[PDB]
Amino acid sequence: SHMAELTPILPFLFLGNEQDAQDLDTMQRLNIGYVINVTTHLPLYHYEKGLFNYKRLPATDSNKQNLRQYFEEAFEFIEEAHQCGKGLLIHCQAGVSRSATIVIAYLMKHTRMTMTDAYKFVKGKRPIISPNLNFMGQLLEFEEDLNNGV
């Protein structure tokens, strides 16, 4: 059986892959009440139990997928979890390329880290991250917009 690793990037912000997202017991142990599913094809796990608030960012792992368009919507959901003292899990698939992009963007905007420091911070807690040059380029443009206040 799979040992579910729900990585706490921040005490209320967790990152995982598709198999980590299927462990209901771990999610309730960690006081998680919000889930962001960054895939088009995965089910919203545990949906039928009425335990969590869900948000789907229907993105693919392609070199042309636009994730920047979903940043603000994801940040608003994370902020709602933060304000009510609940944890939020963001997940995609094995290499966590999609979900780690949104986590890093949140750290850049709301923790005021640089892109590099945010990546290193996430990488230290979640060692296995599949690179995506397209998403990396979007984070670099996101950093410049933040540094310019746009």
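By rigid core we mean the largest C-alpha set that fits within 1.5 Å across both forms. Residue numbers run from 1 along the displayed sequence.
Novice: Relative to this form, superposed by the core, which stretch has the greater CA RMS in 4 other deposited structures of this protein: 118-126 or 94-102?
Specialist: Per-stretch check in 4 other deposited structures of this protein: the more divergent one is 94-102.
Novice: Is 11-19 or 127-135 the stretch whose C-alphas end up farther from this model in 4 other deposited structures of this protein after a rigid core fit?
Specialist: Clearly, after the core fit, the stretch farther away in 4 other deposited structures of this protein is 127-135.
Novice: Taking the mean of the C-alpha B-factors per stretch from the entry, tell me the winner out of 112-120 and 96-104.
Specialist: Averaging CA B-factors over each stretch, the winner is 112-120.
Novice: Give the stretch, out of 81-89 and 25-33, with the larger mean C-alpha temperature factor in the deposited entry.
Specialist: On average, C-alpha B-factors are higher across 25-33.
Novice: Among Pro127, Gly16, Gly137, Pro11, where is the Cα B factor highest in this entry?
Specialist: The C-alpha B-factor peaks, among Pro127, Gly16, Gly137, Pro11, at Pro127.
Novice: Classify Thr60 as lowest, middle or highest third according to the C-alpha B-factor given in the PDB entry, relative to its own chain.
Specialist: It falls in the top third of the chain.
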